[PDB]
Protein chains: 2
Amino acid sequence: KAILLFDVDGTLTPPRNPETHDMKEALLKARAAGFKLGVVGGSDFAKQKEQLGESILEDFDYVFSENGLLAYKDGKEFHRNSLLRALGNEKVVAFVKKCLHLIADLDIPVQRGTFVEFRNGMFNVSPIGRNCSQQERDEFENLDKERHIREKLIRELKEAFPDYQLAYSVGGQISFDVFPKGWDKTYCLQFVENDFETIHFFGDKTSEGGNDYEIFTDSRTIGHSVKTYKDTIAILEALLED
Amino acid sequence: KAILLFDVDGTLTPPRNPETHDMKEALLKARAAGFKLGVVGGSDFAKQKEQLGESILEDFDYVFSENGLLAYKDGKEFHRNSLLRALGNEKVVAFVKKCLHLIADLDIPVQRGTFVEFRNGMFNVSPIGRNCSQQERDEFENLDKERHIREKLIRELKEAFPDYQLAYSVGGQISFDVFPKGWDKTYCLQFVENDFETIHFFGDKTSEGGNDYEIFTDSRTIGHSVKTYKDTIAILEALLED
Ligand SMILES: [Cl-]
Ligand SMILES: [Mg+2]
Ligand SMILES: [Mg+2]
């Protein structure tokens, strides 16, 4: 009894693009050989559907959106957790209020709008604020490297709220992510864990700091670092070669 | 030499919907009679295109998006102003930093994310923050009526920044808008002002507090309060009846 899990963007696709019929057909052959297929991404269902196509649920045995907090199996939602339901309203307004003070008190040069973004399964926090232009993204991306503004706020928030059992991952250029210790991709394992001898995980951001790293290094997982989806298929075809 | 200007959502359409070929054909006949057609909405070009169709620029003589800050004439962008270019970076970070403090210091019960949204031509500010559910919108919409949380912050921001020559309009349920005194729909008049004896304005939010109100009551405008786009056509057809 085996299952194959894939990150989405860059693993089953090019970097930011739709899937190939070469990929689909490689997956179909996987399934046809007796594997079950699952998918896991920090992305919300809408974006995953957008990259795998409308028939995503009919194509994979499991679909873990936002790293598993929204979960489908056999085309059937069977789990839904939220940031709000985990923490609760108080702890949430507390974290937010303090983010807003911290940020309001920075001596950085460019600040715009959308500094604290509350999302189903994570806080996204930006000192410059994500209502900023691409250019301003880069000016600031360079500032941060010199001053570690994201690093500091994280230290500050960590030590304001040790009881919150929260984890901090640095997002892209202007933003960092906060979520309860555990809500990386390994969240989803709790669900397939008990049903498969072997679990293959495919992903591309499996270096430390990456979002595949946790699940990849997990010992219940048989990890597979890939570069592009081209690799992914080779691995599949060899898996089925035998 | 005449021009007909229309608000978009609710004036040329139903409330939140596409335009009718009954509307289009009424507009076409207007144009064919020698009128010029213009369009003005706080909405950004994308949303206006989405409601009038892809051939929007080819259909109206002028298209004033975000109340004129982005402007097309004869299918040709001829004006682009921004909040940033008006105020300048300093004055902007100052306003924002203070919004964030104020908000962080509220004793309201539900706060989420996206409290201060920096947009091309206006600040949108939300105490609860617009990352909130519809239900939470209503809980809070009712709170505000009792406590006037939006009213207070506005007083506070007004008196922090009198020199900023800013105007404050209450948005929907959870949000209020801030922008330089003048950037309501009458912004656009500066452009047609000098080319038309008569300027008809059609709109539906022409009561005080509304976004049609300024332009409607303007004396360079021949105002027309309508209910639905059905009215709009009657007015047109009678205009062309003669
Ligand atoms: Cl914000
Ligand atoms: Mg990946
Ligand atoms: Mg209107």
# chains A, B, ... in the order shown; residues from 1 in each chain; ligands from 1
call {"tool": "residues_around", "arguments": {"residues": "residue 43 in chain B", "least_positions_apart": "2", "cutoff": "7 Å", "atoms": "only C-alpha atoms", "output": "VMD selection string"}}
result
chain B and resid 41 45 47 to 48 65 to 66
call {"tool": "closest_atom_pairs", "arguments": {"of": "chain B", "to": "chain A", "cutoff": "6 Å", "atoms": "only C-alpha atoms", "output": "CSV"}}
result
residue,atom,partner,partner_atom,distance
B:93,CA,A:111,CA,5.4
B:97,CA,A:104,CA,4.5
B:100,CA,A:100,CA,5.7
B:101,CA,A:101,CA,5.9
B:104,CA,A:97,CA,4.5
B:111,CA,A:93,CA,5.4
B:112,CA,A:118,CA,5.7
B:113,CA,A:118,CA,4.3
B:114,CA,A:114,CA,5.0
B:116,CA,A:113,CA,5.3
B:117,CA,A:113,CA,4.5
B:118,CA,A:113,CA,4.3
B:131,CA,A:118,CA,5.8
call {"tool": "write_last_selection", "arguments": {"atoms": "N, CA, C and O atoms", "output": "JSON list (two decimals), in the first residue's frame"}}
result
[["chain", "number", "residue", "atom", "x", "y", "z"],
["B", 93, "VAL", "N", 4.03, 57.71, 4.81],
["B", 93, "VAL", "CA", 4.41, 56.80, 5.91],
["B", 93, "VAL", "C", 3.89, 57.36, 7.24],
["B", 93, "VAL", "O", 3.44, 56.62, 8.10],
["B", 97, "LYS", "N", 1.63, 55.15, 9.58],
["B", 97, "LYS", "CA", 2.15, 54.77, 10.89],
["B", 97, "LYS", "C", 1.12, 55.05, 11.98],
["B", 97, "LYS", "O", 0.93, 54.24, 12.88],
["B", 100, "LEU", "N", -1.96, 52.88, 11.97],
["B", 100, "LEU", "CA", -1.63, 51.60, 12.59],
["B", 100, "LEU", "C", -1.62, 51.67, 14.12],
["B", 100, "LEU", "O", -2.04, 50.70, 14.78],
["B", 101, "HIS", "N", -1.14, 52.78, 14.69],
["B", 101, "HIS", "CA", -1.15, 52.97, 16.14],
["B", 101, "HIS", "C", -2.60, 53.07, 16.63],
["B", 101, "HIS", "O", -3.04, 52.25, 17.42],
["B", 104, "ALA", "N", -4.23, 49.66, 16.42],
["B", 104, "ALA", "CA", -3.64, 48.80, 17.44],
["B", 104, "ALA", "C", -4.13, 49.14, 18.85],
["B", 104, "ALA", "O", -4.08, 48.29, 19.74],
["B", 111, "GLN", "N", -10.61, 41.80, 15.59],
["B", 111, "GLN", "CA", -9.64, 42.36, 14.64],
["B", 111, "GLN", "C", -8.98, 41.18, 13.91],
["B", 111, "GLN", "O", -8.71, 40.15, 14.54],
["B", 112, "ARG", "N", -8.73, 41.32, 12.60],
["B", 112, "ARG", "CA", -8.21, 40.21, 11.77],
["B", 112, "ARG", "C", -6.91, 40.60, 11.07],
["B", 112, "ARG", "O", -5.84, 40.50, 11.65],
["B", 113, "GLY", "N", -7.01, 41.02, 9.81],
["B", 113, "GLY", "CA", -5.85, 41.46, 9.04],
["B", 113, "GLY", "C", -6.28, 42.52, 8.05],
["B", 113, "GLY", "O", -7.47, 42.85, 7.97],
["B", 114, "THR", "N", -5.32, 43.03, 7.29],
["B", 114, "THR", "CA", -5.54, 44.09, 6.30],
["B", 114, "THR", "C", -6.37, 45.26, 6.88],
["B", 114, "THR", "O", -7.54, 45.44, 6.58],
["B", 116, "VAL", "N", -5.03, 48.58, 6.95],
["B", 116, "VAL", "CA", -4.69, 49.76, 6.18],
["B", 116, "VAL", "C", -4.26, 49.36, 4.79],
["B", 116, "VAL", "O", -3.21, 48.75, 4.63],
["B", 117, "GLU", "N", -5.07, 49.72, 3.82],
["B", 117, "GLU", "CA", -4.89, 49.32, 2.45],
["B", 117, "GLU", "C", -4.57, 50.55, 1.62],
["B", 117, "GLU", "O", -5.40, 51.45, 1.45],
["B", 118, "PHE", "N", -3.35, 50.57, 1.09],
["B", 118, "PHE", "CA", -2.84, 51.67, 0.29],
["B", 118, "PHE", "C", -3.17, 51.36, -1.15],
["B", 118, "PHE", "O", -2.77, 50.31, -1.66],
["B", 131, "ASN", "N", -9.65, 41.41, 6.27],
["B", 131, "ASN", "CA", -9.47, 39.96, 6.17],
["B", 131, "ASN", "C", -10.50, 39.22, 7.02],
["B", 131, "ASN", "O", -10.21, 38.16, 7.58]]
call {"tool": "residues_near_ligand", "arguments": {"ligand": "ligand 3", "cutoff": "6 Å", "atoms": "only C-alpha atoms and all ligand atoms", "output": "JSON, numbers by chain"}}
result
{"B": [7, 8, 9, 10, 11, 203, 204, 205]}
call {"tool": "select_by_dssp", "arguments": {"residues": "range 28-207 of chain A", "states": "alpha helix (DSSP H)", "output": "JSON, numbers by chain"}}
result
{"A": [28, 29, 30, 31, 32, 45, 46, 47, 48, 49, 50, 51, 52, 56, 57, 58, 59, 83, 84, 85, 86, 87, 89, 90, 91, 92, 93, 94, 95, 96, 97, 98, 99, 100, 101, 102, 103, 104, 134, 135, 136, 137, 138, 139, 140, 141, 142, 143, 144, 145, 146, 147, 149, 150, 151, 152, 153, 154, 155, 156, 157, 158, 159, 160, 189, 190, 191, 192]}
call {"tool": "write_last_selection", "arguments": {"atoms": "C-alpha atoms", "output": "PDB file, in the first residue's frame"}}
result
ATOM      1  CA  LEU A  28      -2.083   8.381 -14.577  1.00  0.00           C
ATOM      2  CA  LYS A  29       0.384   5.541 -15.123  1.00  0.00           C
ATOM      3  CA  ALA A  30       1.443   5.845 -11.479  1.00  0.00           C
ATOM      4  CA  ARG A  31      -2.160   5.520 -10.361  1.00  0.00           C
ATOM      5  CA  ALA A  32      -2.813   2.680 -12.829  1.00  0.00           C
ATOM      6  CA  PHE A  45      -7.440  25.156  -3.185  1.00  0.00           C
ATOM      7  CA  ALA A  46      -8.334  27.786  -5.838  1.00  0.00           C
ATOM      8  CA  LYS A  47      -4.643  28.163  -6.859  1.00  0.00           C
ATOM      9  CA  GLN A  48      -4.069  24.376  -6.905  1.00  0.00           C
ATOM     10  CA  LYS A  49      -7.166  23.868  -9.100  1.00  0.00           C
ATOM     11  CA  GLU A  50      -5.836  26.678 -11.312  1.00  0.00           C
ATOM     12  CA  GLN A  51      -2.543  24.766 -11.805  1.00  0.00           C
ATOM     13  CA  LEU A  52      -3.787  21.159 -12.052  1.00  0.00           C
ATOM     14  CA  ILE A  56      -8.026  18.135  -9.735  1.00  0.00           C
ATOM     15  CA  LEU A  57     -10.236  16.300  -7.167  1.00  0.00           C
ATOM     16  CA  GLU A  58     -11.131  13.619  -9.676  1.00  0.00           C
ATOM     17  CA  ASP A  59      -7.381  13.150 -10.409  1.00  0.00           C
ATOM     18  CA  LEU A  83      -5.905  29.767  12.330  1.00  0.00           C
ATOM     19  CA  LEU A  84      -8.877  31.260  14.117  1.00  0.00           C
ATOM     20  CA  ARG A  85     -10.122  27.923  15.473  1.00  0.00           C
ATOM     21  CA  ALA A  86      -6.673  26.944  16.706  1.00  0.00           C
ATOM     22  CA  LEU A  87      -5.654  30.171  18.470  1.00  0.00           C
ATOM     23  CA  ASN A  89     -10.161  35.371  18.889  1.00  0.00           C
ATOM     24  CA  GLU A  90      -8.312  36.833  21.879  1.00  0.00           C
ATOM     25  CA  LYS A  91      -4.921  35.379  21.144  1.00  0.00           C
ATOM     26  CA  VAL A  92      -5.427  36.499  17.551  1.00  0.00           C
ATOM     27  CA  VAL A  93      -6.266  40.171  18.309  1.00  0.00           C
ATOM     28  CA  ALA A  94      -3.369  40.221  20.773  1.00  0.00           C
ATOM     29  CA  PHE A  95      -0.851  38.998  18.194  1.00  0.00           C
ATOM     30  CA  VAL A  96      -2.181  41.385  15.575  1.00  0.00           C
ATOM     31  CA  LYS A  97      -2.360  44.480  17.791  1.00  0.00           C
ATOM     32  CA  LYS A  98       1.336  43.986  18.653  1.00  0.00           C
ATOM     33  CA  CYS A  99       2.364  43.372  15.050  1.00  0.00           C
ATOM     34  CA  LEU A 100       0.730  46.688  14.220  1.00  0.00           C
ATOM     35  CA  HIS A 101       2.586  48.554  17.011  1.00  0.00           C
ATOM     36  CA  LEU A 102       5.970  47.034  16.141  1.00  0.00           C
ATOM     37  CA  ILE A 103       5.476  47.969  12.499  1.00  0.00           C
ATOM     38  CA  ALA A 104       4.151  51.457  13.219  1.00  0.00           C
ATOM     39  CA  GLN A 134       7.739  45.640  -7.467  1.00  0.00           C
ATOM     40  CA  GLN A 135      10.539  48.223  -7.421  1.00  0.00           C
ATOM     41  CA  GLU A 136       9.805  49.023  -3.775  1.00  0.00           C
ATOM     42  CA  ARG A 137       9.883  45.306  -3.120  1.00  0.00           C
ATOM     43  CA  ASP A 138      13.507  45.235  -4.335  1.00  0.00           C
ATOM     44  CA  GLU A 139      14.636  48.426  -2.589  1.00  0.00           C
ATOM     45  CA  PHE A 140      13.313  46.941   0.601  1.00  0.00           C
ATOM     46  CA  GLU A 141      14.550  43.347  -0.092  1.00  0.00           C
ATOM     47  CA  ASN A 142      18.010  44.913  -0.134  1.00  0.00           C
ATOM     48  CA  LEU A 143      17.382  46.996   2.965  1.00  0.00           C
ATOM     49  CA  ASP A 144      16.326  43.946   4.931  1.00  0.00           C
ATOM     50  CA  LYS A 145      19.522  42.068   4.066  1.00  0.00           C
ATOM     51  CA  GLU A 146      21.528  44.923   5.653  1.00  0.00           C
ATOM     52  CA  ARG A 147      19.290  45.573   8.686  1.00  0.00           C
ATOM     53  CA  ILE A 149      14.031  43.996   9.842  1.00  0.00           C
ATOM     54  CA  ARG A 150      12.111  40.791   9.337  1.00  0.00           C
ATOM     55  CA  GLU A 151      14.592  38.983  11.571  1.00  0.00           C
ATOM     56  CA  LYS A 152      14.043  41.541  14.429  1.00  0.00           C
ATOM     57  CA  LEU A 153      10.244  41.611  14.450  1.00  0.00           C
ATOM     58  CA  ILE A 154      10.334  37.832  14.520  1.00  0.00           C
ATOM     59  CA  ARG A 155      12.565  37.894  17.580  1.00  0.00           C
ATOM     60  CA  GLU A 156      10.252  40.476  19.148  1.00  0.00           C
ATOM     61  CA  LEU A 157       7.060  38.575  18.403  1.00  0.00           C
ATOM     62  CA  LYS A 158       8.623  35.266  19.465  1.00  0.00           C
ATOM     63  CA  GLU A 159       9.450  36.700  22.870  1.00  0.00           C
ATOM     64  CA  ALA A 160       6.117  38.540  23.306  1.00  0.00           C
ATOM     65  CA  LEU A 189       0.774  13.289   7.303  1.00  0.00           C
ATOM     66  CA  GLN A 190      -1.540  12.645  10.239  1.00  0.00           C
ATOM     67  CA  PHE A 191      -4.091  11.601   7.570  1.00  0.00           C
ATOM     68  CA  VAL A 192      -2.153   9.268   5.274  1.00  0.00           C
TER      69      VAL A 192
END
call {"tool": "residues_near_ligand", "arguments": {"ligand": "ligand 2", "cutoff": "12 Å", "atoms": "only C-alpha atoms and all ligand atoms", "output": "PyMOL selection string"}}
result
chain A and resi 5-16+39-43+67+185+201-207+210-213+215-216+224-229+232
call {"tool": "residues_around", "arguments": {"residues": "residue 60 in chain B", "least_positions_apart": "2", "cutoff": "6 Å", "atoms": "only C-alpha atoms", "output": "ChimeraX atom specification"}}
result
/B:37-38,57,62
call {"tool": "write_last_selection", "arguments": {"atoms": "C-alpha atoms", "output": "mmCIF file, in the first residue's frame"}}
result
data_model
loop_
_atom_site.group_PDB
_atom_site.id
_atom_site.type_symbol
_atom_site.label_atom_id
_atom_site.label_comp_id
_atom_site.auth_asym_id
_atom_site.auth_seq_id
_atom_site.Cartn_x
_atom_site.Cartn_y
_atom_site.Cartn_z
ATOM 1 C CA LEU B 37 -19.895 59.478 -23.881
ATOM 2 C CA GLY B 38 -17.739 59.361 -20.765
ATOM 3 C CA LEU B 57 -12.253 52.136 -24.669
ATOM 4 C CA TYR B 62 -13.581 59.181 -22.219
#
call {"tool": "closest_residue", "arguments": {"among": "B:222, B:166, B:26, B:63", "to": "residue 198 in chain B", "atoms": "only C-alpha atoms"}}
result
B:222
call {"tool": "atom_distance", "arguments": {"atom1": "CA of residue 27 in chain A", "atom2": "CA of residue 218 in chain A"}}
result
23.3 Å
call {"tool": "atom_distance", "arguments": {"atom1": "CA of residue 44 in chain B", "atom2": "CA of residue 163 in chain B"}}
result
27.6 Å
call {"tool": "select_by_dssp", "arguments": {"residues": "chain A", "states": "strand (DSSP E)", "output": "ChimeraX atom specification"}}
result
/A:2-6,36-41,62-65,70-73,76-80,116-119,122-125,166-170,176-180,198-203,222-225
call {"tool": "closest_residue", "arguments": {"among": "B:234, B:126, B:173, B:183", "to": "ligand 1", "atoms": "only C-alpha atoms and all ligand atoms"}}
result
B:126
call {"tool": "closest_residue", "arguments": {"among": "A:34, A:121, A:127, A:88", "to": "ligand 1", "atoms": "only C-alpha atoms and all ligand atoms"}}
result
A:127
call {"tool": "closest_residue", "arguments": {"among": "B:219, B:169, B:71, B:33", "to": "residue 241 in chain B", "atoms": "only C-alpha atoms"}}
result
B:33
